[PDB]
$ cat entry-v9.pdb   # PDB, C-alpha atoms (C1' of nucleotides) and all ligand atoms
MODEL        1
ATOM      1  CA  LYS A   1      27.646  98.661  94.171  1.00  0.00           C
ATOM      2  CA  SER A   2      30.497  97.116  91.990  1.00  0.00           C
ATOM      3  CA  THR A   3      32.837  94.778  93.991  1.00  0.00           C
ATOM      4  CA  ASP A   4      36.323  95.258  92.397  1.00  0.00           C
ATOM      5  CA  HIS A   5      38.830  92.382  93.055  1.00  0.00           C
ATOM      6  CA  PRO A   6      42.388  93.858  92.592  1.00  0.00           C
ATOM      7  CA  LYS A   7      45.716  91.840  92.750  1.00  0.00           C
ATOM      8  CA  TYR A   8      48.598  94.115  94.014  1.00  0.00           C
ATOM      9  CA  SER A   9      46.014  96.227  95.980  1.00  0.00           C
ATOM     10  CA  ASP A  10      44.958  93.021  97.853  1.00  0.00           C
ATOM     11  CA  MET A  11      48.738  92.509  98.499  1.00  0.00           C
ATOM     12  CA  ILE A  12      49.036  96.005 100.218  1.00  0.00           C
ATOM     13  CA  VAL A  13      45.920  95.619 102.557  1.00  0.00           C
ATOM     14  CA  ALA A  14      47.881  92.785 104.364  1.00  0.00           C
ATOM     15  CA  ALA A  15      51.098  94.948 104.075  1.00  0.00           C
ATOM     16  CA  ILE A  16      49.202  98.015 105.569  1.00  0.00           C
ATOM     17  CA  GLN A  17      47.265  96.049 108.309  1.00  0.00           C
ATOM     18  CA  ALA A  18      50.345  93.947 109.475  1.00  0.00           C
ATOM     19  CA  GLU A  19      51.093  96.987 111.816  1.00  0.00           C
ATOM     20  CA  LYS A  20      48.429  98.872 113.920  1.00  0.00           C
ATOM     21  CA  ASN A  21      47.359 102.419 115.167  1.00  0.00           C
ATOM     22  CA  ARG A  22      50.686 104.424 115.138  1.00  0.00           C
ATOM     23  CA  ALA A  23      51.277 105.669 111.472  1.00  0.00           C
ATOM     24  CA  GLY A  24      54.406 103.623 110.438  1.00  0.00           C
ATOM     25  CA  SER A  25      54.063 102.019 106.915  1.00  0.00           C
ATOM     26  CA  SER A  26      55.720 103.695 103.849  1.00  0.00           C
ATOM     27  CA  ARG A  27      56.071 102.819 100.091  1.00  0.00           C
ATOM     28  CA  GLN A  28      59.889 102.302 100.556  1.00  0.00           C
ATOM     29  CA  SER A  29      59.272 100.407 103.886  1.00  0.00           C
ATOM     30  CA  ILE A  30      56.326  98.248 102.588  1.00  0.00           C
ATOM     31  CA  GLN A  31      58.196  97.211  99.347  1.00  0.00           C
ATOM     32  CA  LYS A  32      61.131  95.706 101.399  1.00  0.00           C
ATOM     33  CA  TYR A  33      58.630  94.012 103.868  1.00  0.00           C
ATOM     34  CA  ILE A  34      56.401  92.613 101.008  1.00  0.00           C
ATOM     35  CA  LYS A  35      59.075  91.496  98.412  1.00  0.00           C
ATOM     36  CA  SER A  36      58.680  87.686  99.086  1.00  0.00           C
ATOM     37  CA  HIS A  37      58.599  85.213  96.102  1.00  0.00           C
ATOM     38  CA  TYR A  38      55.645  86.340  93.894  1.00  0.00           C
ATOM     39  CA  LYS A  39      55.985  89.870  92.411  1.00  0.00           C
ATOM     40  CA  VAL A  40      57.954  91.252  89.399  1.00  0.00           C
ATOM     41  CA  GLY A  41      61.672  90.939  90.306  1.00  0.00           C
ATOM     42  CA  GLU A  42      62.372  94.557  89.184  1.00  0.00           C
ATOM     43  CA  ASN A  43      60.107  97.705  89.234  1.00  0.00           C
ATOM     44  CA  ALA A  44      57.073  95.721  90.570  1.00  0.00           C
ATOM     45  CA  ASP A  45      56.745  98.527  93.228  1.00  0.00           C
ATOM     46  CA  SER A  46      55.885 101.349  90.718  1.00  0.00           C
ATOM     47  CA  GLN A  47      52.459  99.511  90.561  1.00  0.00           C
ATOM     48  CA  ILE A  48      52.651  99.185  94.436  1.00  0.00           C
ATOM     49  CA  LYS A  49      52.719 103.067  94.503  1.00  0.00           C
ATOM     50  CA  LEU A  50      49.825 103.268  91.897  1.00  0.00           C
ATOM     51  CA  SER A  51      47.824 100.740  94.056  1.00  0.00           C
ATOM     52  CA  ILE A  52      48.347 102.831  97.272  1.00  0.00           C
ATOM     53  CA  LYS A  53      47.267 106.257  95.783  1.00  0.00           C
ATOM     54  CA  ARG A  54      44.063 104.614  94.370  1.00  0.00           C
ATOM     55  CA  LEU A  55      43.486 102.850  97.768  1.00  0.00           C
ATOM     56  CA  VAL A  56      43.778 106.322  99.472  1.00  0.00           C
ATOM     57  CA  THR A  57      41.081 107.685  97.050  1.00  0.00           C
ATOM     58  CA  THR A  58      38.597 104.732  97.781  1.00  0.00           C
ATOM     59  CA  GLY A  59      38.658 106.080 101.389  1.00  0.00           C
ATOM     60  CA  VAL A  60      40.275 102.994 103.051  1.00  0.00           C
ATOM     61  CA  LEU A  61      43.744 104.786 103.358  1.00  0.00           C
ATOM     62  CA  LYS A  62      44.988 108.112 104.956  1.00  0.00           C
ATOM     63  CA  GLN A  63      48.481 109.792 105.352  1.00  0.00           C
ATOM     64  CA  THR A  64      50.388 111.987 107.928  1.00  0.00           C
ATOM     65  CA  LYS A  65      53.827 112.114 106.092  1.00  0.00           C
ATOM     66  CA  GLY A  66      54.960 110.726 102.650  1.00  0.00           C
ATOM     67  CA  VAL A  67      57.617 110.311  99.840  1.00  0.00           C
ATOM     68  CA  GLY A  68      61.394 111.193  99.682  1.00  0.00           C
ATOM     69  CA  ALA A  69      63.305 110.394 102.959  1.00  0.00           C
ATOM     70  CA  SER A  70      60.270 109.238 105.145  1.00  0.00           C
ATOM     71  CA  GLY A  71      56.482 108.454 105.014  1.00  0.00           C
ATOM     72  CA  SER A  72      53.426 106.607 106.512  1.00  0.00           C
ATOM     73  CA  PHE A  73      49.966 105.643 105.009  1.00  0.00           C
ATOM     74  CA  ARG A  74      47.599 103.255 106.935  1.00  0.00           C
ATOM     75  CA  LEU A  75      43.948 101.961 106.821  1.00  0.00           C
ATOM     76  CA  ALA A  76      41.462 104.639 108.028  1.00  0.00           C
ATOM     77  CA  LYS A  77      38.754 102.613 109.907  1.00  0.00           C
ATOM     78  CA  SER A  78      35.627 101.810 107.757  1.00  0.00           C
TER      79      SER A  78
ATOM     80  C1'  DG B   1      34.703 104.571 127.825  1.00  0.00           C
ATOM     81  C1'  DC B   2      36.451 103.262 132.883  1.00  0.00           C
ATOM     82  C1'  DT B   3      39.118 102.748 136.510  1.00  0.00           C
ATOM     83  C1'  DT B   4      43.538 101.434 137.969  1.00  0.00           C
ATOM     84  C1'  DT B   5      48.512 101.567 136.933  1.00  0.00           C
ATOM     85  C1'  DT B   6      52.992 102.777 135.288  1.00  0.00           C
ATOM     86  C1'  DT B   7      55.517 106.426 132.861  1.00  0.00           C
ATOM     87  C1'  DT B   8      56.913 110.926 131.992  1.00  0.00           C
ATOM     88  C1'  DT B   9      56.419 114.989 132.913  1.00  0.00           C
ATOM     89  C1'  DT B  10      56.579 119.630 135.385  1.00  0.00           C
ATOM     90  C1'  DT B  11      57.439 122.073 139.470  1.00  0.00           C
ATOM     91  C1'  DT B  12      59.684 123.625 143.638  1.00  0.00           C
ATOM     92  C1'  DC B  13      63.461 124.081 146.592  1.00  0.00           C
ATOM     93  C1'  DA B  14      68.625 124.178 148.247  1.00  0.00           C
ATOM     94  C1'  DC B  15      73.135 124.382 146.682  1.00  0.00           C
ATOM     95  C1'  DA B  16      77.440 124.416 143.900  1.00  0.00           C
ATOM     96  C1'  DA B  17      79.961 126.681 140.542  1.00  0.00           C
ATOM     97  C1'  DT B  18      80.648 130.184 137.251  1.00  0.00           C
ATOM     98  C1'  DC B  19      80.342 134.809 135.906  1.00  0.00           C
ATOM     99  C1'  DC B  20      80.859 139.798 135.991  1.00  0.00           C
ATOM    100  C1'  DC B  21      82.341 143.971 138.153  1.00  0.00           C
ATOM    101  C1'  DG B  22      85.590 147.347 140.233  1.00  0.00           C
ATOM    102  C1'  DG B  23      89.782 147.797 142.951  1.00  0.00           C
ATOM    103  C1'  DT B  24      94.841 147.289 142.978  1.00  0.00           C
ATOM    104  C1'  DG B  25      99.409 146.922 141.552  1.00  0.00           C
ATOM    105  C1'  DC B  26     103.118 145.268 138.556  1.00  0.00           C
ATOM    106  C1'  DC B  27     105.735 145.153 134.121  1.00  0.00           C
ATOM    107  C1'  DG B  28     106.263 144.847 129.228  1.00  0.00           C
ATOM    108  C1'  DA B  29     104.348 146.882 125.136  1.00  0.00           C
ATOM    109  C1'  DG B  30     105.472 150.781 122.740  1.00  0.00           C
ATOM    110  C1'  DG B  31     108.022 154.468 121.336  1.00  0.00           C
ATOM    111  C1'  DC B  32     111.865 157.368 121.566  1.00  0.00           C
ATOM    112  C1'  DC B  33     116.864 157.885 120.587  1.00  0.00           C
ATOM    113  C1'  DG B  34     121.328 157.544 118.781  1.00  0.00           C
ATOM    114  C1'  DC B  35     124.077 154.778 116.365  1.00  0.00           C
ATOM    115  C1'  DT B  36     125.334 151.401 112.292  1.00  0.00           C
ATOM    116  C1'  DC B  37     125.306 148.401 108.690  1.00  0.00           C
ATOM    117  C1'  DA B  38     122.376 146.969 105.054  1.00  0.00           C
ATOM    118  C1'  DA B  39     119.574 149.150 101.268  1.00  0.00           C
ATOM    119  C1'  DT B  40     120.163 152.458  97.585  1.00  0.00           C
ATOM    120  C1'  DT B  41     122.555 155.030  93.504  1.00  0.00           C
ATOM    121  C1'  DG B  42     124.626 154.889  89.610  1.00  0.00           C
ATOM    122  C1'  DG B  43     127.965 152.371  87.056  1.00  0.00           C
ATOM    123  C1'  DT B  44     130.074 148.434  83.899  1.00  0.00           C
ATOM    124  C1'  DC B  45     129.916 144.090  81.788  1.00  0.00           C
ATOM    125  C1'  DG B  46     128.285 139.324  80.647  1.00  0.00           C
ATOM    126  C1'  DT B  47     124.763 136.031  79.344  1.00  0.00           C
ATOM    127  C1'  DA B  48     120.119 133.927  80.233  1.00  0.00           C
ATOM    128  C1'  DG B  49     116.557 133.419  77.822  1.00  0.00           C
ATOM    129  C1'  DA B  50     113.095 135.537  74.716  1.00  0.00           C
ATOM    130  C1'  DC B  51     112.086 134.779  70.083  1.00  0.00           C
ATOM    131  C1'  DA B  52     112.123 133.228  65.279  1.00  0.00           C
ATOM    132  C1'  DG B  53     112.333 129.208  62.235  1.00  0.00           C
ATOM    133  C1'  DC B  54     112.807 124.477  61.419  1.00  0.00           C
ATOM    134  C1'  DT B  55     112.594 119.334  62.616  1.00  0.00           C
ATOM    135  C1'  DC B  56     109.916 115.491  63.226  1.00  0.00           C
ATOM    136  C1'  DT B  57     107.988 113.375  67.928  1.00  0.00           C
ATOM    137  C1'  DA B  58     104.078 111.633  69.639  1.00  0.00           C
ATOM    138  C1'  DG B  59      99.611 112.817  70.621  1.00  0.00           C
ATOM    139  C1'  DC B  60      95.211 112.887  68.334  1.00  0.00           C
ATOM    140  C1'  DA B  61      91.489 110.840  65.250  1.00  0.00           C
ATOM    141  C1'  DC B  62      89.524 107.310  63.233  1.00  0.00           C
ATOM    142  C1'  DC B  63      88.168 102.307  62.226  1.00  0.00           C
ATOM    143  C1'  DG B  64      86.793  97.125  62.506  1.00  0.00           C
ATOM    144  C1'  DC B  65      86.642  92.836  64.814  1.00  0.00           C
ATOM    145  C1'  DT B  66      87.082  89.969  69.453  1.00  0.00           C
ATOM    146  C1'  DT B  67      86.178  88.746  73.294  1.00  0.00           C
ATOM    147  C1'  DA B  68      86.298  90.083  78.567  1.00  0.00           C
ATOM    148  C1'  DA B  69      84.085  92.646  81.738  1.00  0.00           C
ATOM    149  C1'  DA B  70      79.949  95.069  83.225  1.00  0.00           C
ATOM    150  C1'  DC B  71      75.253  94.822  83.690  1.00  0.00           C
ATOM    151  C1'  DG B  72      70.854  93.421  85.859  1.00  0.00           C
ATOM    152  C1'  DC B  73      68.576  90.231  87.784  1.00  0.00           C
ATOM    153  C1'  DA B  74      66.992  86.408  91.195  1.00  0.00           C
ATOM    154  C1'  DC B  75      67.772  84.535  95.717  1.00  0.00           C
ATOM    155  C1'  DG B  76      68.843  83.874 100.584  1.00  0.00           C
ATOM    156  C1'  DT B  77      72.616  83.619 104.266  1.00  0.00           C
ATOM    157  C1'  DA B  78      74.993  85.677 107.427  1.00  0.00           C
ATOM    158  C1'  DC B  79      75.475  90.052 108.753  1.00  0.00           C
ATOM    159  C1'  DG B  80      74.325  94.581 111.395  1.00  0.00           C
ATOM    160  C1'  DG B  81      71.814  96.563 115.192  1.00  0.00           C
ATOM    161  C1'  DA B  82      67.972  96.736 118.341  1.00  0.00           C
ATOM    162  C1'  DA B  83      66.920  94.896 122.710  1.00  0.00           C
ATOM    163  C1'  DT B  84      68.280  93.043 127.269  1.00  0.00           C
ATOM    164  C1'  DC B  85      70.587  92.576 131.215  1.00  0.00           C
TER     165       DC B  85
HETATM  166 CA    CA C   1     121.231 148.752  89.675  1.00  0.00          CA
ENDMDL
END
$ encode --input "entry-v9.pdb" --output "structure tokens"
Amino acid sequence: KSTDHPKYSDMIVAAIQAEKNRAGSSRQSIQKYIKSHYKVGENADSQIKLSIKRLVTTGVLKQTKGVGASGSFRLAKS
DNA sequence: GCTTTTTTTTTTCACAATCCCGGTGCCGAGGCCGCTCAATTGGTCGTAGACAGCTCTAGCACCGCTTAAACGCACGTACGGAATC
């Protein structure tokens, strides 16, 4: 029953939930949609990718396709 | 989830065009022939260039500063392209 309060992971729950029920939000896609006056100028997104894989493992996130040329990971309903 | 609607299918039917065949007939690809001139045979005679030996050109290697240009990095404007009509 430990409430964890992440930083960049909080940043991706708004970047995942900004689009709804159709599987269209990728690491490459999210990084260009989220890069607005806060984050590390360069290689901030490597931690974006670490945040997303750990978010998948909590159970909040799922995937249909991912990495390379195309992807999509979105919030599996609680 | 449930009707109650659009949206996108699939299906079914009639029709146009193309496709494949054998039948037919015409002519040019193919080969033969008989001749001829260009390739071959064997010859002389000259030098183009292969090769050895030497010169010394200029390409390579290396080095030590002095910036100028490349890098990367942040930021956001005007650009590309999706949408509409
Ligand atoms: Ca000869």
$ interface_residues --input "entry-v9.pdb" --of "chain B" --to "chain A" --cutoff "12 Å" --atoms "only C-alpha atoms (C1' of nucleotides)" --output "ChimeraX atom specification"
/B:72-76
$ residues_near_ligand --input "entry-v9.pdb" --ligand "ligand CA 1 (chain C)" --cutoff "12 Å" --atoms "only C-alpha atoms (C1' of nucleotides) and all ligand atoms" --output "list in words"
residues 39, 40, 41, 42, 43 and 44 of chain B
$ axis_aligned_box --input "entry-v9.pdb" --around "region 10-26 of chain A" --padding-each-side "8 Å" --output "AutoDock Vina command-line options"
--center_x 50.3 --center_y 99.1 --center_z 106.5 --size_x 26.8 --size_y 29.2 --size_z 33.3
$ resolve_selection --input "entry-v9.pdb" --expression "the PyMOL selection byres (((chain A and resi 77) around 12) and not hetatm)" --output "number ranges by chain"
A: 17, 20-21, 59-62, 74-76, 78
$ residues_around --input "entry-v9.pdb" --residues "residue 36 (chain A)" --least-positions-apart "2" --cutoff "12 Å" --atoms "all atoms listed in the file" --output "ChimeraX atom specification"
/A:11,15,30-34,38-41,44 /B:74-76
$ atom_distance --input "entry-v9.pdb" --atom1 "CA of residue 63 (chain A)" --atom2 "CA of residue 3 (chain A)"
24.5 Å
$ atom_distance --input "entry-v9.pdb" --atom1 "CA of residue 71 (chain A)" --atom2 "CA of residue 26 (chain A)"
5.0 Å
$ resolve_selection --input "entry-v9.pdb" --expression "the PyMOL selection byres (((chain A and resi 45-52) around 7) and not hetatm)" --output "PyMOL selection string"
chain A and resi 8-9+27+31+43-44+53-56
$ write_last_selection --input "entry-v9.pdb" --atoms "C-alpha atoms" --output "tab-separated table (two decimals), in the coordinates of the input"
chain	number	residue	atom	x	y	z
A	8	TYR	CA	48.60	94.12	94.01
A	9	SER	CA	46.01	96.23	95.98
A	27	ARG	CA	56.07	102.82	100.09
A	31	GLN	CA	58.20	97.21	99.35
A	43	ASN	CA	60.11	97.70	89.23
A	44	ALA	CA	57.07	95.72	90.57
A	53	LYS	CA	47.27	106.26	95.78
A	54	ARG	CA	44.06	104.61	94.37
A	55	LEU	CA	43.49	102.85	97.77
A	56	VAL	CA	43.78	106.32	99.47
$ resolve_selection --input "entry-v9.pdb" --expression "the PyMOL selection byres (((chain A and resi 23) around 7) and not hetatm)" --output "number ranges by chain"
A: 21-22, 24-25, 72-74
